[PDB]
Amino acid sequence: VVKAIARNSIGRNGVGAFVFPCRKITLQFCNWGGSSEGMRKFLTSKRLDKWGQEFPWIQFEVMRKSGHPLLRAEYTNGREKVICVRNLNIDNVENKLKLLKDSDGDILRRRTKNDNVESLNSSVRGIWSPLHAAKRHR
Amino acid sequence: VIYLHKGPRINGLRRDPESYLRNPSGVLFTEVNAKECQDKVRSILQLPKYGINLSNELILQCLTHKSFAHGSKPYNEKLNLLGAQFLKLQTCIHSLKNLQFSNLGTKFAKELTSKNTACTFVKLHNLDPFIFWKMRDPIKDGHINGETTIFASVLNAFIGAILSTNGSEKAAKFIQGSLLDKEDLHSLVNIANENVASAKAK
Amino acid sequence: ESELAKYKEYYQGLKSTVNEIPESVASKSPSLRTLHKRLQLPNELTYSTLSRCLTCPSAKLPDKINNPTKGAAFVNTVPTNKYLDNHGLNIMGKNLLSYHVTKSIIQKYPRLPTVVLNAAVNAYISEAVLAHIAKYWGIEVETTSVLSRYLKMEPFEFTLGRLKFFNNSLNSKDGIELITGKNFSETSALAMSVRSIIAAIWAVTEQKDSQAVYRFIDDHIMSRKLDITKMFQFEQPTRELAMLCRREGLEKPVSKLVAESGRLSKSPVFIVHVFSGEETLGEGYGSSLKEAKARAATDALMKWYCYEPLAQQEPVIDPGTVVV
Amino acid sequence: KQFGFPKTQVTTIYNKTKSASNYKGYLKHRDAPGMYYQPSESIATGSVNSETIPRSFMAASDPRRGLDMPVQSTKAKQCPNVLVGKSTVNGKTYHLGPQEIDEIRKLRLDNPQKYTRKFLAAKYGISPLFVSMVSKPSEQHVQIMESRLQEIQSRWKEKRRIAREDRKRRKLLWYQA
Amino acid sequence: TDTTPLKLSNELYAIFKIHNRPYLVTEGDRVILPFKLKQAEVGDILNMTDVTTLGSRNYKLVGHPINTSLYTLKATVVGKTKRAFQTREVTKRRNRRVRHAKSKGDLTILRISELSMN
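Definitions and cut-offs
As presented, residues are numbered from 1 along each chain according to the written sequence, a scheme that may differ from that of the entry, and residues lacking coordinates are left out. Chain letters start at A and ligand numbers start at 1, both assigned in the order the entries are written. Part of a larger assembly is shown here, and the values speak for that part only. Note: side-chain values were computed over all heavy atoms of the structure, leaving out hydrogens and water. Helix and strand assignments come from DSSP, with helices taken as H or I runs of at least 4 residues and strands as E runs of at least 2, each series counted from the N terminus. Restricting the calculation to C-alpha atoms gives the radius of gyration, and the globule rule supplies 2.2 Å times the number of residues raised to the power 0.38. Throughout, exposure labels follow a simple rule: accessible area from a 1.4 Å probe, protein chains only, divided by the maximum for the residue type, with under 20% read as buried, over 50% as exposed, and the rest as partly exposed. Note that accessible areas follow from Shrake-Rupley with a 1.4 Å probe, and for residues the cover is restricted to the protein chains shown. All tallies of charge rest on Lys and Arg as positive and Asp and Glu as negative; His and the ends of each chain are not included. Think of each charge as sitting on NZ of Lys, CZ of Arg, CG of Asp or CD of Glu. Between two residues, a contact is recorded if the distance between any of their heavy atoms is within 4.5 Å. Interaxial angles span 0 to 180 degrees and are taken between N-to-C directions of axes, which are lines fitted to C-alpha atoms, for helices over the stretch in contact. Here roughly perpendicular refers to angles of 65 to 115 degrees, roughly parallel to angles under 35, roughly antiparallel to angles over 145, and oblique to all remaining angles. Crossing chirality is assigned from the near helix's rotation relative to the far helix, an anticlockwise turn below a right angle marking it left-handed and a clockwise turn marking it right-handed. Ten residue types, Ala, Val, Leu, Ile, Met, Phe, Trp, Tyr, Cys and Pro, are classed as nonpolar, four, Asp, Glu, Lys and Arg, as charged, and the remainder, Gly among them, as polar. Among the buried residues, those of types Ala, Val, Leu, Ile, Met, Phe, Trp, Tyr and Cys that are joined through side-chain atoms within 4.5 Å form a nonpolar core. Here the arc refers to the set of directions running from the helix axis out to each C-beta atom. Two parts placed together each lose some accessible area under a 1.4 Å probe, and the buried area is that loss summed for both. For this document, the term salt bridge refers to a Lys or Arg side-chain nitrogen within 4 Å of an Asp or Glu carboxyl oxygen. For the purposes of these results, a polar contact is taken to be a pair of N or O atoms within 3.5 Å, where, inside protein, one atom must be able to donate a hydrogen and its partner to accept one; residues adjacent in sequence count only when each atom of the pair is a side-chain atom. Only strands that DSSP links by at least two bridges are regarded as paired with each other. The rule is short: rings of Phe, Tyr and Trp, with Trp giving its six-membered ring, pair when the centres are within 6.5 Å, and they are stacked under 30 degrees, edge-to-face over 60, tilted in between. Definition used: whenever NZ (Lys) or CZ (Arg) falls within 6 Å of the ring centre and also within 35 degrees of the ring normal, the charge is taken to sit over that ring. Surface patches are drawn from residues lacking salt bridges whose relative accessible area is over 30%; two like charges belong together within 9 Å, two nonpolar side chains (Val, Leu, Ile, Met, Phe, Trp, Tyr) within 5 Å.

For this coordinate set, the PDB header names cryo-EM as the determination method and states a resolution of 3.2 Å.

See the structure below:
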């Protein structure tokens, strides 16, 4: 007799159709506040339009608040990066925005040496066994 | 001594193979013939029209139910399941055609994809003597034995077999033609309409 | 003038936009556009259609609004048109998912047991999984109130872009759920949305490219990892294997010790192989002899069921599950 | 042997007996370009792999049947039988008629303590399993047996119960694959 | 090169090399390169070229970068990112000056989308 075990599938984003990780970016600035100058300049100066043209799968919100200027991204996995861009020039802000768009949303993490590939798949060759080895030990 | 039991049930005791390899019609499972059954089934289903080609063994499998011979001989279940899935989609697209999306959650559509309707279709086409199954109590009406469900399974099993062998498009075409068609009058749509009318009356 | 009147007319306008989903308004909605670009949806699939797919059925406001004291308030959504919701679409999408996924599974594993197959299908297209997929895509729920939106003075475009159902405000506030039906659940709404999108895609492409929908499904749904070997749970597998052998033209299976080490220890190792004739069917390692024997039988059954033929082979229709 | 590829061990440049875990040596070892036969150093228990499935379970139209990869390394003549029933060693017998069965059933209901399964088996030259299949005992006897089992279980310590639970979990795990 | 068993097999692995760094992969595997890719943006596809070994369970076609024609191996660039920020301190043993060596290396997440014998 055979019975099922209720189990769910694991989504690999890349393999079938690539859904782009960055979904939304919020440009936040202040009209007062000298720290928000470079952000304000960026918003003004035709760069944002070009960016939006380049990346039509990201939505680009533009908000005004009293505090420091902010770049909060929003990713497919549900995580949210928020970069404060206080006192940065236009070009630095743009670089920060580029960095954000590049990111897959996942948390930052220490990797050990050669911790390269991350598989869900069972090994193509088996796992080693001392009884089934080619050269028997002594 | 090799006592093979050949009568009523003794619990645990093995039977003679010929005592459980016969349908309610009474034909031996090994003794089925191409000329006398599978060819007839093909002719009924009009498989030469739609470029269809099923194997004799496949046809036999589609015909036979899990209850026959304790699932020893190859039986329709997975095929049936597949056919049902395809059939429901096919009924939905038909409803959409006749673009509308407000004619799905309705009685007629349900009846079209129903088990009773499928059984009636099977009966009309006269496939009931060919199928292999075991009755619950031989001296009953038919519905008591779970005949209708088996017939529905057979209808869907055929569809699932067609899907497997002859592709999806071909299956869809077959569904449009033999079933789901007003010109035949013993098609699935007509049956569904009749059922609806009966429900209205009652 | 009066602010109530201003609010009322805004609400009316919003309701009218919901009823219509006018194409220009839908186009203006940035969230919809970004969703469209993200999924690489066809150009024939209009933005109005996409908005509709996000619109769940919500004809009449329910009786549970009368008392927030009983732990529910439905103040976010606005009533929808009877003949312009995601409901018919959703059903069609569900049917498509049930057909195509199942077919793909059968192609992959033509002998897979019925229960196991059903479980696999569920895994591929369960409601929770579908909801997760929708979240990943970026189908956000209209959590904000109508009044709040009016106060902010946001356009109707944004509302159209968001997912719209009777989402209960104060659903789990103070740690109190109300346990309402499927018609007020977020997960269900998200599932409907993903099915509705699929249905919309099908509607637009069917005449031009019939298999476009199915390749979209393959890309999104069938691309997900599922190890079918983890799905099984046998009971008395040796008996089942013997039955299978009887059914086919195979000799009776017997288990035999291939290799052995550490007998008379806490953790031995016994390798046993279930032979049918000289051919080995299943290989089974174990701490005990019995365990090893069991494992060999389970391995044999796995090899029987999870046999995946090549695409170049002619179709393999299995002879049903091994009824023990 | 369909294919005549050269066969290779999973070769290190270092001493494999002393440095089997050293990945660096494996990385270093280059071998000449072409096709090879690296037989797997693994049991084929969990594998759904096509090189692992036996030929009898492959379909008749499968190209893989002809190719020599499900290797019959073991030999059934050399291996000894493990937990094999007496029916499998010396063949199944279908000798008992209906009357004998009816008598057995009568006996079992009458006195399952006197006429136990093993005794019946000894009498009629048949298996205890078959006796069980044939005949139910008196339900009272079954109830008594259940009560005895419950009493035994109660008589356990905490530790023993936990061990039994663990054993049960292990058993369940065996049939997963 | 009779590459028929590899072609037949359902499971199949590759050992492609980016800048002589080997990465053993199947389809669906998620490679994490320890550097910033400049050539490819996110979403771009990489056709792997220096493939050392292509292996089944019991066979492998291994040697100098095996003829690409024989196979396909498409990775997708699924997010440039970084490692976690770390600050190890550098100082001598009777010296109050303690130089902070801040570090936050770049990563590129690839996903092996396609891997098959052509």
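A. Region of interest: the overall build of chain B. Within chain B one finds eight helices and zero strands. Going from N to C terminus, chain B has its helices and strands arranged as α-α-α-α-α-α-α-α. Computed over C-alpha atoms, the radius of gyration of chain B comes to 18 Å, within 12% of the 17 Å expected from 2.2 N^0.38 for 202 residues, which places it in the range of a compact globule. In terms of overall dimensions, chain B has C-alpha extents of about 70 × 40 × 25 Å along its principal axes. Looking at chain B as a whole, 50% of its 202 residues are labelled buried. Carbon and sulfur atoms form 51% of the exposed surface of chain B, whose accessible area is close to 10200 Å². Across chain B, the mean location of the 26 positive side-chain charges is 6 Å away from that of the 17 negative side-chain charges.

B. Molecular detail of the arrangement of the chains. When the eight pairs of chains in contact are ranked by number of contacts, first place goes to chains C and D. Looking at chain A next to chain B, you find no contact at all, with the nearest C-alpha pair sitting 13 Å apart. Separating chain B from chain E is a minimum C-alpha gap of 21 Å, and the two share no contact.

C. Inspection of the packing of helix α3 (residues 78-97) of chain B against helix α7 (residues 168-177) of chain B at higher detail. Residue and element names in this part refer to chain B. Interhelical geometry of α3 versus α7 gives an angle of 60° and a closest axis separation of 11 Å. Between α3 and α7, the interaxial angle falls into the category oblique. Crossing hand, α3 versus α7: right-handed. Contacts between α3 and α7 involve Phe 86, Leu 87, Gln 90 and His 94 from the former and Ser 168, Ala 171, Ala 172, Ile 175 and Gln 176 from the latter. The class makeup of the residues in the contact of α3 with α7 is five nonpolar, four polar and no charged.

D. Spatial organisation of the packing of helix α6 (residues 147-166) of chain B against α7 of chain B. All names here are of chain B. In the contact formed by α6 and α7, the axes pass within 7 Å of each other and the chain directions differ by 145°. Across the interface between the two elements, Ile 159, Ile 162, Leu 163 and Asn 166 from α6 touch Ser 168, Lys 170, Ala 171 and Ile 175 from α7. Its residues assigned to classes, the contact of α6 with α7 comprises five nonpolar, two polar and one charged.

E. Representation of the nonpolar core in the model. Ranked by size, the top nonpolar core spans 146 residues in total, and within it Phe 158 of chain B together with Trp 137, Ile 228 and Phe 232 of chain C carry the most contacts. Among residues more than four places away in sequence, those in contact with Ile 228 of chain C are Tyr 109, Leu 112, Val 116, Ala 120 and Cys 306 of chain C. Judged by nonpolar contacts, the second largest core, of 34 residues, contains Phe 5 of chain D together with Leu 8, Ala 14 and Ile 18 of chain E.

F. Quick look at helix α4 (residues 47-54) of chain C. All names here are of chain C. α4 sits mainly inside the fold: seven of its eight residues count as buried. Along α4, the residues that are buried comprise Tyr 47, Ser 48, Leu 50, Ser 51, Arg 52, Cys 53 and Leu 54. Check the buried side of α4 and you find it contacts α2 (23-28), α3 (30-39), α5 (87-108), α9 (156-161) and α10 (186-205).

G. Representation of helix α1 (residues 34-45) of chain B within the structure. Residue and element names in this part refer to chain B. Considered for burial, the residues of α1 that qualify are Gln 38, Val 41, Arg 42 and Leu 45. One face of α1 carries all of its buried residues, which in axial projection span an arc of 100°. In this structure, the buried side of α1 is in contact with α2 (56-63), α6 and α7. Positive phi shows up at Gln 46, right after α1, with a value of about 60°.

H. Expanded view of the interface of chain C and chain A. If you look at the interface, chain C gives 37 residues, while chain A gives 30 residues. Of the roughly 3100 Å² buried between chain C and chain A, counting both surfaces, carbon and sulfur atoms make up 55%. Looking only at chain C, the three residues that lose the most surface to chain A are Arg 38, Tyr 136 and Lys 225 of chain C, adding up to 25% of its buried area. Applying the counting criterion to the chain C and chain A interface returns one salt bridge. As a salt-bridge pair, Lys 3 of chain A and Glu 235 of chain C come within 3.0 Å of each other at their nearest N and O atoms. Seen at the junction of chain C and chain A, the total is 18 residue pairs in polar contact.

I. Local environment of the sheet that holds strand β4 (residues 279-286) of chain C. Residues and elements named next belong to chain C. Strand order in the open sheet made by the three strands is β2-β3-β4, with antiparallel pairing throughout. Of all strands in the sheet, those bounded by a partner on one side alone are β2 (253-261) and β4. Strand-to-strand, the axes of this sheet are offset by a mean angle of 25°, without reference to chain direction. Strand direction decides the pairing type here: strand β3 (residues 269-276) and β4, joined by seven bridges, are antiparallel. Paired with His 273 across the strands is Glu 283, a residue of β4. Running at roughly 135° to β4, helix α13 (residues 289-305) makes contact with β2, β3 and β4 of the sheet.

J. Main features of the packing of aromatic side chains. Taken as a whole and assessed by the stated rule, the structure comprises 28 aromatic pairs over all chains. When the ring of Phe 68 of chain B is compared with that of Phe 132 of chain B, the centres are 5.2 Å apart and the planes differ by 75°; the resulting orientation is edge-to-face. For the pair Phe 68 of chain B and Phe 132 of chain B, one class covers both residues: buried. Linked through ring pairs, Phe 18, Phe 20, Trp 51, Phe 55, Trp 57 and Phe 60 of chain A together constitute an aromatic cluster. Sitting over the ring of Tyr 94 of chain D, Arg 14 of chain B keeps its end group 3.6 Å from the ring centre. Sitting over the face of the ring of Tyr 285 of chain C, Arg 295 of chain C holds its NZ or CZ atom 4.9 Å from the ring centroid.

K. How the structure looks around the environment of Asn 86 of chain C. All names here are of chain C. Within the fold, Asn 86 resides in the loop between α4 and α5. Between the C-alpha atoms of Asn 86 and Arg 52, which are 34 residues apart in sequence, the distance is 5.9 Å. Sequence-distant contacts of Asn 86, defined by excluding residues within four places in its chain, comprise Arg 52, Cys 53, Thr 55, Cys 56, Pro 57, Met 192, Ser 193 and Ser 196. A polar contact of 3.1 Å, which involves the side chain of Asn 86, links it to the backbone oxygen of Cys 53.

L. How the structure looks around a positive patch on the surface. Together, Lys 266 and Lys 290 of chain C together with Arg 160, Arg 167, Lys 168, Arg 169, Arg 170 and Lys 171 of chain D line one region of the surface with positive charge. With six residues, the single largest contributor to the positive patch is helix α7 (residues 158-174) of chain D.

M. The arrangement of the side chain of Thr 12 of chain D in detail. Residue and element names in this part refer to chain D. Inspection of the secondary structure puts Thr 12 in the segment before α1 (23-28). Within the structure, the side chain of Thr 12 is placed 2.8 Å from the backbone oxygen of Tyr 14, a separation counted as a polar contact. Once you skip the residues sitting within four places of it in the chain, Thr 12 turns out to touch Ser 19, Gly 25, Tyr 26 and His 29.

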